[PDB]
Amino acid sequence: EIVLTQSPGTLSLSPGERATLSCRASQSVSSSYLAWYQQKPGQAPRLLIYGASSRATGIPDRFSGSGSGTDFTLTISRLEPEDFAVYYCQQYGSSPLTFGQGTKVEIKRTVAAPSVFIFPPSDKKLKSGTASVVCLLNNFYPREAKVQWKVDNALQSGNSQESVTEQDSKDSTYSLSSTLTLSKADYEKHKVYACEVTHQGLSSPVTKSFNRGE
Amino acid sequence: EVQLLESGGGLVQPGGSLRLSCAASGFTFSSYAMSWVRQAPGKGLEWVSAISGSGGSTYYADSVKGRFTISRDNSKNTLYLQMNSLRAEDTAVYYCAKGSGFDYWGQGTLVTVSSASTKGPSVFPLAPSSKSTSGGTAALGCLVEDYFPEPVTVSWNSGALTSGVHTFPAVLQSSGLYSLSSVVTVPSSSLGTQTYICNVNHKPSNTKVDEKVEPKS
Ligand code: NA
Ligand code: NA
Ligand code: NA
Ligand code: NA
Ligand code: NA
């Protein structure tokens, strides 16, 4: 099985800038049978390049493909707002046909620190036998953000889930929800619940905390 | 004009069977190899199976080998994918794709493999308080849980409140049920003056919930 590794995972850029996307194969790709696709949310993928360097019909000149063997590149010479999407490489020379894991080209904007909010479990939620503690990080950029849960100052691991929104269409920021999940009985054994947030926009980590029952 | 129209998708249980079909038009069908490509919700493209123009050669990803069968009826311009012994991990949008370097794709057909039965959500308010007040802004929300299948729609004040609303993607839980949250930031001065209600609609179960989000001290 030919493994295709796409790099970087995310390319943060602005319109007018050049995008360089890489695709590296674990073994040499048979007769440059390499394709590039673009995919927008809620749409099927669209062929951009086939045979490593041939532009598909209807594809703008700004898109160009190159490389051979183990190393391929997709170049977008001058980004247009419609080019912010997910890009995949695929080899079709030998079975199993494989896709790369994708590269997202995201809208670059200025750094914005998150606004941090904490939500203690409601009585209605506790009545269900579960304590969900929610920490909200709102309108931040870049996407990289660290959330640390602390219960009576002990660092938490393996008992939380994170969800992130897609980049906002108007301000290009992200929002993230981190939920600490404990059983009601376990939640009642501890007093101090804290969410510690680390981000480029913050000069030092921001903590939001509460005491159970207050 | 080249057209690929998928059908046969829907809700199915693990261990169950489903047959997807793709009706092709606008080209000599038998002259092209055809593939099935799937995409799990929020994930990347995964190649599933390919078949030559004649149907004499079939190819499968290791993850579907022995369970799925690709076939074609060249006298009917139809591509098929017989999916047996279905697993929760087979949940995805399934695309019909033409050729080698897929120049045409169908719109896709959603397949949801789950042992869960259709169920409406439980709604829990995320009340605003001093703990969710950043400066002169307060955050409030609603946790929407234990529902199946996707989607739920969440609106605030019957659609009158749209500014600063963030509805998070659903997360599949071990129960086979989904959960999400919807939040909104508002002026902290509006609390106790402006009423905030999250309206949760779950069409598959014919259920709708309103939850008035009340400020705390
Ligand atoms: Na490269
Ligand atoms: Na998949
Ligand atoms: Na089969
Ligand atoms: Na066969
Ligand atoms: Na066949």
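Throughout, protein chains are lettered first and strands after them, A, B, ... in sequence-line order, and every chain is numbered starting at 1. Both ligands and their constituent atoms are indexed starting at 1 by order of listing.
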List-wise, which protein N, O or S atoms are found short of 3.0 Å from the Na ion (ligand 2)?
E46(B) OE1
Are any of the side-chain nitrogens in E196(A) or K150(A) under 4.0 Å away from the carboxylate oxygens of its partner?
yes
Heteroatom of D71(A) nearest to the Na ion (ligand 1) (N, O or S, atom name):
OD1
Salt-bridge test for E162(A) and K146(A): reply yes if a basic N is under 4.0 Å from a carboxylate O, no otherwise.
no
Distance-only polar pair, side chains of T173(A) and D168(A), donor-acceptor under 3.5 Å
no
Judged by modelled atom types alone, do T98(A) and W47(B) share a side-chain donor-acceptor pair under 3.5 Å?
no
Between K119(B) and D146(B), does any side-chain N to carboxylate O distance fall below 4.0 Å?
no
Salt bridge between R67(B) and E89(B), side-chain N to carboxylate O under 4.0 Å?
no
